[PDB]
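Just the one chain here, laid out as structure tokens, in the form deposited in one PDB entry.
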């Protein structure tokens, strides 16, 4: 069962290493978030390696997918942590870093934080299961490709199609009349709505990266590498977001 494998390979929670004794400025909160994103990205790479079917894809494509989807994976996992631990009342970045209204303001990311909070409120509305969540996160790893496609497009499409089949079989376990088509479309709609929020997070990311020292915001090595590669490709329009339902 691929879904049961997904449940067991889900990375363990990591601490942000947040310093509450230091002034709660935008530079210190953002630097803590960046440090946390760095650690979580190492976890994402180790998770992707043991993901069923991911090793079939060539190395270049595996890198491409991780680099295009990183923000989508981190934000989706944030929404899940927020839903599981606080019933989506707060943004649960880590056990030592839980954002309330004050931290959403101090981080200079209020509107972005509210946008993420809306996604977590959808988890409450839908009563999203862990089974669904784990399949959806794999679909997010496979939801952004280069405009001119991957080195092995057919291998990628076969992997993505199979995880779409997994999500469809999983929604049958949560029926209304006994129908599940409604839940499946609510899940694909929620997946599509990640692209727009992630487009805004990436815009904030890219700005803070271009002006990091002027803003006193630190970036770990993992992020420097990901962003230096992704910033030119995304801004040049070389990214192709994959939607279940075209806008």
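By rigid core we mean the largest C-alpha set that fits within 1.5 Å across both forms. Positions refer to the first chain, counted from 1.
- Going from residue 87 to residue 88, the model skips none of the deposited residues; the chain is continuous there.
- When 197-205 is weighed against 177-185, 177-185 comes out higher, by mean CA B-factor as recorded in the entry.
- For the pair 119-127 and 69-77, the record assigns the higher mean C-alpha temperature factor to 119-127.
- Across 142, 109, 135, 94, the greatest Cα temperature factor reported in the deposited entry is at 109.
- Sort the chain's modelled residues by C-alpha temperature factor and residue 49 lands in the middle third, per the entry.
- Sort the chain's modelled residues by C-alpha temperature factor and residue 103 lands in the middle third, per the entry.
- Placement of the Cα temperature factor of residue 171 within the chain: highest third of the modelled residues, per the deposited record.
- Compared with the other modelled residues of the chain, the Cα B-factor recorded for residue 13 ranks in the highest third.
- Annotation for residue 32: CA B-factor lies in the middle third of the chain's modelled residues.
Not on display, but discussed next: the form deposited in another entry.
- Once the core is superposed between this form and the one not shown, every option in 152, 118, 86, 106 stays below 2 Å in C-alpha shift except 106.
- In the other form, the separation between the C-alpha atoms of residue 118 and residue 102 shrinks by 3 Å or more relative to the displayed form.
- Wider separation of the C-alpha atoms of residue 75 and residue 107, by 3 angstroms or more, is seen in the other form than in the present form.
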